[PDB]
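These protein sequence lines map, in sequence, to chains G, R, W, Z, C, B and A. Under the entry's author numbering, residue 585 is the last one in the first sequence; the count climbs by one each step, no gaps. Under the entry's author numbering, residue 98 is the last one in the second sequence; the count climbs by one each step, no gaps. According to the entry's author numbering, the residues represented by the third sequence are 101 to 133, 144 to 175, in order. Under the entry's author numbering, residue 878 is the last one in the fourth sequence; the count climbs by one each step, no gaps. Under the entry's author numbering, residue 1073 is the last one in the fifth sequence; the count climbs by one each step, no gaps. According to the entry's author numbering, the residues represented by the sixth sequence are 28 to 825, 831 to 1146, in order. Under the entry's author numbering, residue 1268 is the last one in the seventh sequence; the count climbs by one each step, no gaps. We put the beta carbon where it would ideally sit given N, CA and C, even for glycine. Reading through the structure tokens given below for one structure.
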Amino acid sequence: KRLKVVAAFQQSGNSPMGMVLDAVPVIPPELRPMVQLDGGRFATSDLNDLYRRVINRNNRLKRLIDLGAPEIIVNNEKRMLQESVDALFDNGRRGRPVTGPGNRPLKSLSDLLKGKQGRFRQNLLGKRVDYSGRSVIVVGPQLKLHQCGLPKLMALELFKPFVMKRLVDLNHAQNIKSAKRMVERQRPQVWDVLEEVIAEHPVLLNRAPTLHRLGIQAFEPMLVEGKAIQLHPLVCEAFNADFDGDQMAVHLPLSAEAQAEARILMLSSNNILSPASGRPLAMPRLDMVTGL
Amino acid sequence: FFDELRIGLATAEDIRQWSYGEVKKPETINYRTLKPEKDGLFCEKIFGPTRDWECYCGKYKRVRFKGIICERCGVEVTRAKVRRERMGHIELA
Amino acid sequence: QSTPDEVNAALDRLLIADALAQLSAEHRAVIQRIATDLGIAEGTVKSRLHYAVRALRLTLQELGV
Amino acid sequence: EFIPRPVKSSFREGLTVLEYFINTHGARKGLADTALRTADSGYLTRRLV
Amino acid sequence: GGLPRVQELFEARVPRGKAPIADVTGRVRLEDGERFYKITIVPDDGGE
Amino acid sequence: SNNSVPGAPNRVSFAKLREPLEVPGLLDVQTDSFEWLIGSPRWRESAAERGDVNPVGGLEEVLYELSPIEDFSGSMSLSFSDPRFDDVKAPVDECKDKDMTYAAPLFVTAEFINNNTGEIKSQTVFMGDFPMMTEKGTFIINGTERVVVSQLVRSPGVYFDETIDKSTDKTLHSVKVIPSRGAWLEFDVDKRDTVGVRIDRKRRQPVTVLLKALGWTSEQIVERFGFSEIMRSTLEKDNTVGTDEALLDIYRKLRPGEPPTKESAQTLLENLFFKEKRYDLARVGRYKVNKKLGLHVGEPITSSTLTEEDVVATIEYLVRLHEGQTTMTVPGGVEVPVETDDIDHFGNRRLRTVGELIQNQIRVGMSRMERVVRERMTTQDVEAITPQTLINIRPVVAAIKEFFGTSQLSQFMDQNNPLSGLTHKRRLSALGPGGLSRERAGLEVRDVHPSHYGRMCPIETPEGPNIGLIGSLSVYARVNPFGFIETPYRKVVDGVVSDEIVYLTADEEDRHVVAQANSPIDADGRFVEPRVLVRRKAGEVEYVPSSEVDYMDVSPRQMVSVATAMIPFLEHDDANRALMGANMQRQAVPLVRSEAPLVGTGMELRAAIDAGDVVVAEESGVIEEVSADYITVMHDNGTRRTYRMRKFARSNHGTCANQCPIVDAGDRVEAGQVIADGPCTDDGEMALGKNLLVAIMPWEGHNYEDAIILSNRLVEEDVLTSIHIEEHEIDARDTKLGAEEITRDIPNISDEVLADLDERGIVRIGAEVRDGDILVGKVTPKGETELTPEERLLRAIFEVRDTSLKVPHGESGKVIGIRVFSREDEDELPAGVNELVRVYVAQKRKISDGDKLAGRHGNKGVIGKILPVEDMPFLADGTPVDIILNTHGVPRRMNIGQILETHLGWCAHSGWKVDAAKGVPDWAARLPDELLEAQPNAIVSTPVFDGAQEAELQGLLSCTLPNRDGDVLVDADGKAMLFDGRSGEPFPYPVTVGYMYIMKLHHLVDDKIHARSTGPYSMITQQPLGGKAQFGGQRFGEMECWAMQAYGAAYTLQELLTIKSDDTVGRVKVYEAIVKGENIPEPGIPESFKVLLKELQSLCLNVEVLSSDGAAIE
Amino acid sequence: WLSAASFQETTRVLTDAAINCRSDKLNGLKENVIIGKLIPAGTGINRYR
DNA sequence: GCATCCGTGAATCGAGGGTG
DNA sequence: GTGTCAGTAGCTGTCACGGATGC
RNA sequence: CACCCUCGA
């Protein structure tokens, strides 16, 4: 195990001296921002407090070196600088964490990357997306398997730029700017125009938890009145979705490649069988099997 | 398109090569003028201007001065976007 | 906290860029910047700027801004 | 371990006071360990992924 | 068994059962008592 | 009759067991606690009649523990006494309006005693604004009603634990002496058969170290603990010996880095465990210890501190428990069993309510002030010092503000409907300071414990991550001054049931055996059957002879909560669906008009009344003048009291709290009668929903698994309509370039959008506003150096920007109220604000597709279709049903209640008439004579675990009343023949038809619908915001990325993680390409990944991106 | 090392990555998902791309 | 050569409200 | 400029598991 | 935005 560490420094060509620091970097300000409160007071990032404590102790070290303070003070101050830089990089790693106001351990640079709230899992493996919505789901028996019914007010916002384009084309609006104002004021012209936009433009429906890939499926959107999403009764099994307050999220594919992927790979009608067992899922399951 | 992502130990020389200046003073900002203190954790000479093409001393507030290092406050004149990428550093005694 | 969505500004520039093709290359090269480079007068500047603006204003209000 | 005393009543007959109270241990622990089982399952899933 | 058994299998852990196995094919040597259990195998071909 | 005490409607009950004690004040948990805290006359009379000797109010206790204050010499002293309150600063509603705190000034009497001069100066000192509790048990902080939740903590005392080692497989034992305050002390037996002690988390010292520190000779130690080899081996394996040696050992392990003086250690080792300064067992702690060890069992609880005798007896108890001993008598003490304690048993699990939780904070503040006092004494002169110079009340007010403002127990009050608020005030929370962390709660703290019977409900508990950590106090339960939860029981003398009721604690209950409530009892009191169901110590249920029952339960519903007691036929529903029913009753939405349920339980009345959202007459009298605004009552003596109705008030959760008078002008009203009822109330009873005509049948798949079909009648007649009110707020601040001004003059805004605004820029009352409309016109001056080049050109080719208050997306209603505060007009705003406007918008929400309805049995569902009144399957006489529930989602959930509830429901709507001729039938022999005849729309009660039995219900269905035409619509089975309103042909088979009580839950599509094209992005990560209120987008999580990858939709995944998210240039080019009609451009690099690289650099890691050639690229 | 640092033991992985001076060949689903490249699977492989 | 103790990890999405 | 004693709160009410750490 | 609470599938 020791060789495992030593041969690395041997071959790579980097000196082990890097493990001991003579200078510490300062993270840009926008990544440690200081915001203002509605009461006139200020709130700041914990990194600012950590860096500030380190700077205070470092400047005190310079003072002590210049003043020829007793060796005891200089050494006992270098120790505190060590502990403060240790907290800056990974607070709480050694010993007791640096407590903030309220006996709350301050976040460190290494805390920015760990766990569900870390950068990797929270902001890299899964982002938040534009052109998306969510609403309550309702069973729609009359729908076809490849169809889903979304509210008008959902589609209008989702397809806002498309509606603006077609409103300025058909001369319902003088310029694209006034088209935006028209959509934001919900003028009656959009509802007839919106239908042309959503025509054969598939959307993606997702229900958390997304356990398997059939937890997301593509559908052709149908403008429905009301404010609930209308879902086909046969896909409930795949989503494991009952109708007692369940909510589903809608995503609008934009690029031509995205629309093709949704139309061919992810359309509900092309995913009737369970990928785990091969047995069908979109089949008569509850009331349907009873009638038959 | 870029092939590999290399990671390694940061030499002190690299730490200094990244930094646009050393953070000497421990102050943060001023609680009246909202201006970041010079050589502080928000020094505009080091990290960048608070507002686009606006220097600290207020001599250069226009876009005509693109790339001018102000002589009275030492702040460059680019977009505030650089406050998201310019690193500082503390030189340890 | 949080940064707004660049809709408006972008739509505005998308129009401004649509009323830039309705121009002549000289008014364009002038508006995109001065009398020291283009090698002309300052009155020629003031004017070309003046008439070029008025063409921009005319075009914009033609579209209904 | 199973209780040496059963729940004789049916939901059509009507549980006694103590019958309901004694059903609740198992019911609540059912919900609790279900939450825990789901947690461990999801973790195993991400590992396998 | 159960889900922890699935974890034991996927993590290559030293299982709870820790059942032994015949390292060499041969004749069984049941030497059962009550104090303890010891079992030997006489290799069907050569071996020890 | 049911609930014949205030003058309520005559609800008839199927009750077979009489109620010996009527339900207590459901709000006594908060009330009694606070009254004890401030020592009100009512609390003192309560303690006086209770037999208490020397009771102490909450403030008096703190002030006595503090008094006196002396320096190190003792030449100066300061003492406090007699706390009193002046009148309240501002009334409750005014506090809500003006965003201030409901409080009363606290006065105390302090006096300075000077020993070197022999003269005392005593005066009154104002201590601070003390937050006061409303009559409804709530506090008001900064204009918000909050509730202080009772906390389940670990009771002080001595506890023993038997753990099992993992590697050596031997039984180890440990002990913890948990005080009410101070350092902790835990003994243990490791796996080497040696005894040790950890003092305040510190290192584990040998148990003999402590004995040596106290002055005990090694030989006497061997004398006491010689019967065990483990203690002998401990004294042998000891390192140092000597009274003055182990003491310094303790000192250097407890307070390291200091010079060890023999007396410096002798001082603290006596102060940390035997002086009342830094260690104190409350009276309850001392009592608990005195029982567990069996010492001082006769002494009055006067020693508030631990003694050496206790430590010795404790170590003896431990060492004997380790080696199998089961009995022990302390030298000079009574015999006591040797066992381990549960720490979940409600005799060891204590409950501290509002009074105690506030007392601890006042204590912290008072100590923080005491130190400043001792410092200020030795600074000022010793003759011009007054209580006013020594007292700094800053930390006290700061302490109570820190508590109410920031505390897990000061919770935003649940104000959906009265029942929700009541339950909230009767909550028992295990989380919080001094208790435990959520990550520190195994599957054992959450499940039901046999001691919860009659104390904490086993049903009402959240099903989320807080399951088992939050309970509701049982109905008849109360809290004793010690903190434990008592419950009443009927004392059985000699196999005879007595009306003598006594309240027992958990451990007190275990020392006897109690019979179940529904035991057959003679009219005199003797049990009918020799064997009876009996609950026994350690939660053991078995039959026992009648001559063994000591006590028995008061009422069948003794074990359930208030909400749970509100479920009819509760005995026929499983605990899961019952949990959901009780939890969803608290989510009911107050309807425009409220209808009391036909099928009730009896608890509705007292729930509504004790909730406090109605108007009850304090004193009897007649109504002199009644209006929609107020009600004036002329008493008999001559005085007049006027109750003001709360009309269209915004609840904490947007519901409408609206009170309406019931009595009329000149109506005789008795004391305690409901003269006006509020939301979800009808004549004083909780009306959380409506009685709906239900048919149980599948219908064309629109009700498929748990979906609900409703009749448009409920829309046309506002049967399920509800009012919701939103509060909108904006302020005008001082900016760097001037000051934001609220003006009707807004740049580049038409006169058509501003047509509904007054001259100030504020919307006028009564105007209907859609989403996006201007409510308050505010413009803010923007500097010139902040303008886009295209913006500057557009300004040149043609200084304030629009910051008006617009209506958020999805909101719409009538503007009903406006409130304006101006710094110019004396209005005290936060520094930097000149004006503040609040606009109240009210919306009348009809039932819509997707709204969530539910019953009382966890039978929930959304509205999948609202058919016209003619399409609905209608009964024989033409009446169309109101709601269709799918049958398949009924027998799986084991909620037979609804079925029964349905049947009885119909019997209540139509009425019945039992054949009295030829005697009373054999099934109705047990029914009261009041039930043999019932008119249509009759009110009935099915008490929990009592009430209607299936046989009696069968009979009632046999004798249902006919309709107006003389026809009986439903069969004895309870089903009826329905006609399909769409085709006309009658449905082939009879269908169960009845009336069910359905509630409108607070989960409406009008609030839960959301969609986003673009919008705000977080500055750091450049990813779209979250939440509907911030106009955020949905989170494409990790599992969903796995879904995309599984489908192989590579381009869709990249699109999701680049141009649709945090590609700074890509998303803009996408917007442009959409409005241009061009194709979608190529995605760029996520800004979040740039942030990742910069963050890895911040940790001294040189991350670099290399091209195919090998050169690092920037 | 980027696919491992995003799984578990982030610090423990990045330390070893910096010591061994490891280079990440940006050719994996997790990695390209992080940096926003097309996943080398499905419609992302070179045959169909 | 081996028991102790350190550090790692522990489902997904969504709503509203409070304070520092 | 400072000058007699002058001295944390809080808390353990999670757990399984592997391997470096340490007696 | 940091934490906190309550809640929903």
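Helix, strand or coil: which one does DSSP assign to residue i?
{"i": "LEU861(B)", "result": "coil"}
{"i": "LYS838(B)", "result": "strand"}
{"i": "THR488(B)", "result": "coil"}
{"i": "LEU814(B)", "result": "coil"}
{"i": "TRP944(B)", "result": "strand"}
{"i": "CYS683(B)", "result": "strand"}
{"i": "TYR1049(B)", "result": "strand"}
{"i": "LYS805(B)", "result": "strand"}
{"i": "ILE1258(A)", "result": "coil"}
{"i": "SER546(B)", "result": "coil"}
Taking 8 Å as the threshold (C-beta atoms), are residue j and residue i in contact?
{"i": "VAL576(B)", "j": "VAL559(B)", "result": "yes"}
{"i": "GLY1013(B)", "j": "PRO1118(B)", "result": "no"}
{"i": "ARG668(B)", "j": "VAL660(B)", "result": "yes"}
{"i": "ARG467(B)", "j": "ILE494(B)", "result": "no"}
{"i": "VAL236(B)", "j": "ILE277(B)", "result": "yes"}
Could you name the residues that DSSP lists as bridge partners for residue i?
{"i": "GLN232(B)", "result": "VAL224(B)"}
{"i": "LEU1055(C)", "result": "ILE1064(C)"}
{"i": "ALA316(G)", "result": "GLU96(R)"}
{"i": "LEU105(B)", "result": "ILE96(B), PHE139(B)"}
For a contact meaning CB atoms closer than 8 Å, what does residue i contact in chain Z?
{"i": "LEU1028(C)", "result": "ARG866, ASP869, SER870, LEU873"}
Could you tell me which chain R residues have their CB closer than 8 Å to the CB of residue i, listed as they occur along the chain?
{"i": "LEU487(G)", "result": "The contacting residues do not exist; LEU487(G) stays about 37 Å from chain R at best."}
In chain R, which residues lie less than 7 Å from residue i when you measure between Cβ atoms?
{"i": "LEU1248(A)", "result": "The contacting residues do not exist; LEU1248(A) stays about 15 Å from chain R at best."}
Interface residues of chain R around residue i at Cβ under 9 Å?
{"i": "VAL1097(B)", "result": "Those do not exist, as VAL1097(B) stays about 12 Å from chain R at its closest Cβ, beyond 9 Å."}
Taking C-beta pairs closer than 9 Å, name the residues in chain Z that residue i reaches, listed in chain order.
{"i": "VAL643(B)", "result": "None at all; the shortest Cβ gap to chain Z is about 32 Å."}
### At least 3 beta-carbon pairs within less than 8 Å: the stretch 340 to 353 of chain B vs the stretch 453 to 467 of chain B
no
### Query
How about the stretch 642 to 649 of chain B and the stretch 984 to 1003 of chain B: do they share at least three Cβ pairs that are nearer than 8 Å?
no
### Message
Contact between the stretch 511 to 521 of chain G and the stretch 435 to 450 of chain G is defined here as three or more beta-carbon pairs at a separation below 8 Å; is this criterion met?
### Response
yes
### Message
Quick test of the definition: if touching needs 3 or more C-beta pairs under 8 Å, does the stretch 840 to 855 of chain B touch the stretch 812 to 823 of chain B?
### Response
no
### Message
Using a Cβ distance threshold of 8 Å, determine whether the stretch 1083 to 1092 of chain B contacts the stretch 447 to 465 of chain G, with at least three qualifying pairs required.
### Response
no
### Message
I want to know whether the stretch 568 to 584 of chain G touches the stretch 544 to 559 of chain G - three or more CB-CB distances under 8 Å.
### Response
no
### Task
Determine, using beta-carbon pairs with one atom in the stretch 1052 to 1070 of chain B and one in the stretch 390 to 397 of chain G, whether at least three such pairs fall under 8 Å.
no
#### Entry: Inter-stretch contact (C-beta, 8 Å, three-pair minimum) for the stretch 959 to 977 of chain B and the stretch 860 to 872 of chain B
no
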